[PDB]
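Just so it is clear, none of the values below were taken in a lab; they were calculated from the coordinates. Backbone-built Cβ (ideal geometry, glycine too); neighbour counts: all protein chains shown.
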Ligand code: CLA
Ligand code: CLA
Ligand code: CLA
Ligand SMILES: CC(/C=C/C=C(C)/C=C/[C@@]12O[C@]1(C)C[C@@H](O)CC2(C)C)=C\C=C\C=C(C)\C=C\C=C(C)\C=C\[C@@]12O[C@]1(C)C[C@@H](O)CC2(C)C
Ligand SMILES: CC1=C(/C=C/C(C)=C/C=C/C(C)=C/C=C/C=C(C)/C=C/C=C(C)/C=C/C2=C(C)CCCC2(C)C)C(C)(C)CCC1
Ligand SMILES: CC1=C(C/C=C(\C)CCC[C@H](C)CCC[C@H](C)CCCC(C)C)C(=O)c2ccccc2C1=O
């Protein structure tokens, strides 16, 4: 698991993981607080 | 693209449709392929413009994704 | 990859489809095998395909193929 | 008020839009049966539509003659939650991203194989830099003061 | 295979068809011709200018003659709001009986006139088909004058020298004062003498003009200084144009706004405008020094303008010799000024219609705006292209540099990377966010929840409208307020006319704007910035870059530098023009789409259709293009045809030319040379055709020629299809 | 550079107070786009003198009730400018002309890039011999007192503006100037 | 976590006078108190963070020069810790109590979320 972790450190895998996480928290914010046109405050 | 356009228009105009109980055949477009598919203006108007009505009027309906993909594919 | 794709198609037919309703009314129910999650207002994509079902109408003809195979249950 | 607009809480066309959307959703709801998941989904749609319209009404939002919320982005703090606060939020987040990217580029740029560490990210160092971007406004106005933010004449120029 | 490119021996020795193609495309590049001097260059340019002005005057004379002969000008005078102007008659042997019947107007098939010449000539005081004939005769005489002058100034004793051509001060004094001021003075004279009484029913022709006083007091107030007398008793609010009912006696007034009947600017307003412009330009034409010891030497003015702290380098010291010795710098400046000027014409002739009954001529309004905006884009791209040409072939770094320090122009090549980077940043910023908001509106509306749209009220632009007096946005700012010093100052001069016109829903003066206007203006800004980015990058990088640090040694237009160094496709400055032409066409298309849709909704009355559907792309596609294309495509159907049949044919023709351009742009050479070789073998190896052989070896079009041909097809198809669409849609929708 | 300039005292340690390093941005990238320290110091002196004068001009007329005879009796600085602009236009015009002449004679435009014949707030202007003959340290101390009083007046005027805009921003203000 | 656990136990017991400070439940007190008191705590904690670490606040900036014992702010006014013999025991006790308080702070917060009344 020394080269597998290095493989997971490559640009495509890291970008895919980061974009999946990013889309995930964006989608979940929009699920829990939907239809947010202005700042909540 | 020309092949699938020919298939779509010919089928809609001269095969597909409904049959009345007495045996009268009414097609989706109404047989306009025979007389209006012989000019480029006919293809532009009676096929592209005419059958693109459902795509452009799909907003707000369950087919709105098709309009969005229409616009995105144009883009 | 092809086998995984086919397995996904059959799984969607089994779980997220109105295949049982379409079997009893092939001429009046539109085949649907993909339901859309209710996020950002995208749930409008779940169409009135019939058979007490909401989802995207399927144009791949899997329902007809499954019926021709004799598959009568999900 | 501003630009001839009126608050959406007193906009008749806004309420007409809400009523029409609710009526369409209820008409769709009529064609399903009992407490079946389709009816539950349509009822949730109706509830969310009502909640969204109510929130937009009670949000200091100005509606035009079409009954849609218009954004007042001239800079006034009265409508500051429409553009100004999201503007600050995005500026913070994007400055964070740019700062951590620049810091990672400059950090692995002083190693033996700078190009290797760009396709194969040093995840420990990347995590170290990324969580340090919360001070990007302060770090930027501490590196610009020291002259470490801008190159001067080692930058390359074309022939003319 | 010889003697055609007389100006180029290198081309005349080409054994292929490329010689003929390049002979056409290099005929006007006089600086590159064989056995070339500067004196011959300026003399040939001078004669070509004379021939060009003759061509322009002949074209105007032809328009006048064809309106006089085959038009319905006289009938249109008596009923300008119902009679449709006729451009010229049609005689085409290919017409069927149906086409003849549909195009039949009065006595012969004819084309409606969309140039607005009827309204323009009616406004300036033409009431007879014999007045137009006189104008055509006079213009042909003027064309003969200009052709004679062009021939004369190539004769040995009448060919001007370089000193005369480069005499900047004399030419500026004369151009400004004489041309602008005196032509404005003569136009004011005509306006008053002929146009003012003709709008009041009094005919002032070439017979009773020495005896018909333009004003009852007759030049007495002018010499006496009682200039207010020319403004007393203006035309009333019940004046019928071309008739004495409700008319006045004033000739120079401030009224502001429009005529209550013709919905156009007051003739007395325009006469006063031209008189003021004439006085100002005649005064300004005495600035520069000539043979009488007073005036300015512009070399000294340019050299003395260096900021003392020092931020522009050494200033403008080397600019005088730079501009004087370069014809591409001057051409670029002139083209930029002309582009801005014609953009101004387009933007003002719709908001402030100057000709009688032109506001109600919707097809001609749309045609005029589209024509002038396209000409504006062309002129701007030409200005930038000639700036790039100046950089390539006329710029001298030594002249623009004094002791290491660089002047104001040479410093533009030092921070060229900064300029290009910031243009790129602005373009990316605007594109990203305009497209993001548009697609957000698309998705949100498509999902059936239009309330979640992002609609930004254009408060900055509405602020300007309120400043000019529009009481629609409740700003109460400068002229929307009756107590502000801006309003009290002109409350007695031109506000009552101006306010009555700006605060009117039927005008195009300061059209009401909303979020759709905001988004489309940002799209326009993105288009302008991207076209400017391409053109400025090509101009600054014309002399070299990192990929080609000797690009100046290869000229303005060359195909490439080869596949080496990673590939150098489209690396020349000409290729930057070629790429920016697409962006200019796209930007002008956006501008004209916005204008035409806004005015179609305004004229039809459904301005709510634009205000709601213009915020998302599908709104545009469905409600402008798809909606208004219905009358055009039904110009001929399997059932019949209309007078709009020619417009549908032009629509399809434009699409075809556009796609042929796509041919010439996507498919490159090399693929067409081998095919041509196969065709050559086939011709050479076939009997009964071996008897016929080519003199020029058939070869594929060159890379640059192919780019030009594809661009020409793209542009011609673009222009033709949009002209057909706009005209046919306006005609078929608004009656 | 700030170590050898008047302006820092015991209130901020012994070092020149400059959290944002604004005094050292002039030497940074660019020929000149950010002000030199000389321009910043001249802005110090000008703003401080103006703030002291404005504090006197909001306190004396508004509170003490002292008014020039033929001038509006408006104890409010948010309306006094316009009221005098209408009531005595000639006086305001002459004040503006005097201000313009004074500033044009004492132009500080070469201070932006650093340099010039004048010093920071030199202005001559010593009628009543307060610095006739003094030690250099005494003159520096007087300059420091002037700068600190100018900063205090800046703060007081900003507090006035803040309380007028956001009520309750300065708590003791209305209890320390009981009249408007 | 230790300070926050003590805050829970005191808040449900003692509380402050006033309508705002009248919620025995910490989770509901976070909402009833409003944003103004919380933002002041946020800004004060930020001021503390800045002054205690003396500018170097990030993972790459802190410990860049070394000479910084982890967790050593020098805070010891009462003088507990002069004897080095008990210093190690005090450090271990602080670490163990901190870990236990992290677990307990999570426990209390989630108890308030699933029940809603209080901790008791
Ligand atoms: C009074 C004497 C006089 C007059 C009338 C002219 C007139 C002319 N000369 Mg000329 N010339 C003169 C003296 C004069 N010259 C002298 C003394 C010299 C020697 C120093 C020259 C040397 C010279 C050369 C070398 C050339 C000319 C050319 C021309 C012609 C220009 C093309 C044309 O038709 O423009 C017509 C233009 C107008 C009628 C007016 C244009 C209106 C503009 C576009 C509107 C601008 C309004 C406003 C500013 C817009 C901006 C908005 C604002 C808010 C900023 C024109 C006929 C050129 C030509 O074509 O030769 C045949 C040419 O090559 N001249
Ligand atoms: C008054 C304005 C003006 C003037 C004097 C010039 C003058 C010049 N330009 Mg220039 N240019 C202008 C405007 C102007 N241009 C504008 C507005 C643009 C932007 C479009 C350009 C873009 C441009 C480029 C890119 C280049 C020049 C070049 C040149 C030089 C040689 C021209 C040549 O060889 O012609 C050759 C003429 C042709 C090839 C004829 C082309 C005709 C086109 C394709 C239209 C014909 C089709 C027609 C519409 C048919 C209708 C179809 C039907 C079905 C409807 C010459 C100094 C060239 C040079 O080397 O400069 C040093 C060069 O490379 N110019
Ligand atoms: C273009 C603007 C401009 C320029 C270049 C000058 C230049 C000069 N002025 Mg001056 N001045 C101006 C406007 C201008 N003035 C205005 C509007 C007034 C008020 C009525 C004055 C009042 C004035 C006085 C009282 C004195 C000078 C003096 C001077 C001279 C040297 C001292 C100095 O600069 O300090 C004075 C500096 C200023 C007054 C600052 C003016 C700043 C201007 C308003 C900013 C304009 C820049 C802006 C970007 C322009 C926009 C361009 C375009 C968009 C329209 C110098 C020749 C002195 C002199 O005569 O020396 C013997 C002197 O005693 N000026
Ligand atoms: C602190 C915590 C959560 C705290 C939440 C807070 C403050 C929330 C505040 C808010 O909600 C409110 C109040 C209102 C909201 O609107 C806003 C916010 C602000 C969001 C969770 C901890 C959660 C802590 C957890 C889950 C700990 C799990 C520990 C495990 C599993 C340990 C296992 C072991 O210990 C054993 C068993 C044996 C050992 O030998 C080996 C190991 C393996 C180490
Ligand atoms: C490349 C090059 C070139 C070219 C360039 C170009 C082409 C440019 C363009 C340019 C342009 C195209 C510019 C534009 C400009 C504009 C402007 C500058 C404007 C201004 C305006 C104003 C200023 C206004 C104002 C106002 C207002 C706003 C309101 C009303 C009133 C008033 C008037 C006040 C050349 C050849 C030279 C040389 C070489 C290089
Ligand atoms: C189609 C095509 C061709 C082939 C087209 C050619 C060779 C033009 C064929 C001749 C045209 C149709 C004009 C024919 C005119 C008549 C022969 C009359 C003669 C007129 C001359 C005397 C001017 C290329 O050579 C080429 C080169 C580089 C990139 C793309 C392409 C490309 O797309």
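Label positions at residue F:33 and residue G:72, each projected 7 Å from the Cα along the C-beta direction, are separated by 4.5 nm. The C-alpha atoms of chain F define a longest principal axis, and helix F:37-59 lies at about 20 degrees to it. Taking the C-alpha atoms only, the angle from helix G:2-13 to the longest principal axis of chain G is near 30 degrees. In chain G, Cα pairs under 8 Å separated by at least six residues give a relative contact order of 42 percent.
Looking at the protein assembly as shown, the DSSP beta bridges with both ends there are about 90 percent antiparallel. The simple spin-label model puts a point 7 Å past each Cα toward its Cβ; for residue E:312 and residue E:95 those points are separated by 6.1 nm.
Taken over the Cα atoms of chain F, the convex hull encloses 180 Å³ per residue.
Based on the Cα gyration tensor of segment E:61-116, what are the three equivalent ellipsoid semi-axes, each the root of five times an eigenvalue, rounded to whole Å and given largest first?
Numbers: eigenvalues 85, 37, 14 Å².
After diagonalising the Cα gyration tensor, the semi-axes are 21, 14, 8 Å.
Packing here is the average count of other Cβ atoms within 10 Å per residue, and on that basis the peptides E:204-210, D:1-7, highest first, run D:1-7, E:204-210. Every Cα-Cα pair in segment E:128-235 was counted, and those over 24 Å apart are 50% of them.
Legend: ranking of residues B:6, G:117 from fewest to most surrounding C-beta atoms inside 10 Å; resulting order G:117, B:6. Of D:18, D:149, D:62, the residue with the greatest mean-square motion in the GNM of chain D, using alpha carbon springs below 10 Å, is D:149.
Calculation over all alpha carbon pairs of segment E:566-624 in 10 angstrom steps from 0 returns a P(r) of 21, 34, 18, 16, 9, 1 percent. Backbone N atoms of segment E:696-710 closer than 12 Å to the 7 Å Cα→Cβ label point of residue E:3 are not found in any residue.
In chain E, Cα pairs under 8 Å separated by at least six residues give a relative contact order of 11 percent. Over segment E:56-210, the pair-distance histogram of Cα-Cα distances with 10 Å bins from zero comes to 9, 26, 29, 19, 13, 4, 0 percent, rounded to whole numbers. For segment F:91-154 versus chain B, the spacing of their alpha-carbon centroids is 84 Å.
Among G:91, G:101, G:29, the residue with the largest mean-square fluctuation in a Gaussian network model of chain G, with springs joining Cα atoms closer than 10 Å, is G:91.
Computed from the alpha carbon positions, the gyration tensor of segment E:469-628 leads to an equivalent ellipsoid with semi-axes of 47, 23, 12 Å, biggest first. For residue E:417 and residue G:13, a Förster radius of 45 Å and the Cβ-Cβ distance give a FRET efficiency of 0.10, rounded to the nearest 0.05. Per-residue shielding of D:66-78, expressed as the average number of other chain Cβ atoms within 10 Å of the residue Cβ, stands at 5. Averaging 1/r over every pair of different alpha carbons in segment F:96-180 and inverting the result gives a Kirkwood radius of 16.6 Å.
Result for chain D in a Gaussian network model with C-alpha springs under 10 Å: among D:96, D:77, D:141, the largest mean-square fluctuation is at D:141.
Between Rg and the Kirkwood Rh of chain E, both from Cα atoms, what is the Rg to Rh ratio? A ratio of 0.97.
Count, for each residue of E:461-473, the Cβ atoms from other chains sitting within 10 Å of its Cβ, then give me the mean as a whole number.
1
When you restrict to C-alpha pairs under 8 Å that are six or more residues apart and normalise by the size of chain B, the relative contact order lands at 17 percent.
May I ask you to work out the translational diffusion coefficient for segment E:426-465 at 37 °C, viscosity 0.692 mPa s, via Stokes-Einstein with Rh from the Kirkwood sum over Cα pairs, reported in whole µm²/s?
285
Using the rule -39500 (n - 2.57) for each DSSP H run of four or more residues, divided by the residues of chain D, the 222 nm mean residue ellipticity is -17000 deg cm²/dmol. Computed from the C-beta positions of residue A:25 and residue E:425, the FRET efficiency with R₀ = 30 Å rounds to 0.60. With n ≥ 4 as the cut-off for DSSP H runs, can you work out [θ] at 222 nm for chain E, using -39500 (n - 2.57) per run divided by the number of residues, rounded to the nearest 500? Mean residue ellipticity at 222 nm (helix-derived): -17500 deg cm²/dmol. At q = 0.14 Å⁻¹, what log₁₀ I(q)/I(0) does a Debye calculation on the Cα points of segment E:378-521 give, no solvent, two decimals? At q = 0.14 Å⁻¹ the computed log10 ratios are -0.90.
One quarter of the convex hull surface built on the alpha carbon atoms of chain G amounts to 10.0 nm², the projected area averaged over directions.
Of B:56, F:68, E:443, G:60, how do they rank once you tally other Cβ atoms within 10 Å and put the fewest first?
With the sparsest Cβ surroundings first, the list reads F:68, G:60, B:56, E:443.
Expressed per residue, the C-alpha convex hull volume of segment F:118-162 stands at 95 Å³. With angles folded into 0 to 90 degrees, how steeply does helix G:84-114 sit against the dominant principal axis of chain G? Use alpha carbons for both and round to 10. Helix G:84-114 and the main axis of chain G meet at about 30 degrees.
Coordinate range of the alpha-carbon atoms in the protein assembly as shown per principal axis, descending: 117, 113, 72 Å. Per-residue Cβ neighbour counts within 10 Å put D:54, D:115, D:49 in the sequence D:115, D:54, D:49, beginning with the fewest. Computed from the Kirkwood radius of its Cα pairs, the Stokes-Einstein diffusion coefficient for segment E:643-735 at 37 °C and 0.692 mPa s stands at 207 µm²/s. Can you work out the FRET efficiency for the pair residue F:136 and residue F:10, with r the C-beta to C-beta distance and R0 = 22 Å, to the nearest 0.05? Efficiency for this residue pair is about 0.65.
Rg and Dmax, both from the Cα atoms of segment D:24-131 and both in Å, are 24.5, 70. State log₁₀ I(q)/I(0) for segment E:306-402 at q = 0.12 Å⁻¹ as given by the Debye formula over alpha-carbon point scatterers of equal weight, solvent excluded. Log-scaled intensity ratios, in q order: -0.57. Residue-normalised convex hull volume from the C-alpha trace of chain B: 107 Å³ per residue. Under the simplified labelling scheme, the residue E:662-residue E:440 pair shows an inter-label distance of 3.3 nm, with each label point 7 Å from Cα along Cα→Cβ. The mean count of C-beta atoms from other chains within 10 Å of the C-beta of residues in E:619-625, rounded to a whole number, is 3.
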